[PDB]
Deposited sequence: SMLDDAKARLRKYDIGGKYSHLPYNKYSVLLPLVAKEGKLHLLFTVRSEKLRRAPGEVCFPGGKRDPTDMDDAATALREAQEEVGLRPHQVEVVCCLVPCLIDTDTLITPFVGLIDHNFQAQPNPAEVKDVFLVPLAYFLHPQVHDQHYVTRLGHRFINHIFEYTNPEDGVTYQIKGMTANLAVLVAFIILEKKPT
């Protein structure tokens, strides 16, 4: 099946807890995969304009590890719940992808999660301005704009709204698209 095939692909790239005990400032992100209309999608958030860091920008759910978290996957799930109302029973964490080093002292660990088909986002408006899906295949043929660094522009055909996706968020989206969609018969 589509989902069993995606999970099997993802597991081959799992680094697990290899880098998890290193003494960094630690954040986790959830790369949430949603199956709709017979295709896989990634779920993104638009950060509230009220936030200090990166107001109005597109990013994955997640946040800073806190002492309650059993592990880095727990960070991602706790923060996703706070931000978009995703409950742990609504997500199957499939793997941990390559962590992202930033600012010399920070390590961001991405987890890919399969999201229940009945999930409907309940965003905290203090943190999240918007939630939207992008088909995973978009990231194989994105609409690229140069700002010099590459920015993706995705227009939702449901409503004509264009979102800019860039940086780590764009990079991770492409990675997941490659992992899951490469070398597939039609």
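Only residue range 148 to 157 of the deposited sequence, counted from 1, carries no C-alpha coordinates in the model.
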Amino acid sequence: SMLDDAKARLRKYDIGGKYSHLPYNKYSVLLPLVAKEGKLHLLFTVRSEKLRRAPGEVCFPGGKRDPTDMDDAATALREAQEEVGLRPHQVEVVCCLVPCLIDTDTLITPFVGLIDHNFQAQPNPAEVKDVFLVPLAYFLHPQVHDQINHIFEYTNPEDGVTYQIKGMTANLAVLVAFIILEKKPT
From here on, numbers count along this sequence of modelled residues.
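By rigid core we mean the largest C-alpha set that fits within 1.5 Å across both forms.
Taking 49 to 57 and 26 to 34 in turn, the stretch whose Cα atoms are more displaced from the shown form in 8 other deposited structures of this protein following rigid core superposition is 49 to 57. For the pair 86 to 94 and 107 to 115, the mean Cα B-factor is higher in 86 to 94. Comparing 29 to 37 with 119 to 127, the higher mean C-alpha B-factor in the PDB entry belongs to 119 to 127.
If you compare the C-alpha temperature factors of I15, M168, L175, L10 in the entry, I15 comes out highest.
Residue-level inspection of the entry shows that, of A137, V58, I148, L42, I148 has the top Cα B-factor. Per the deposited record, the Cα B-factor of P142 falls in the highest third when ranked against the other modelled residues of its chain.
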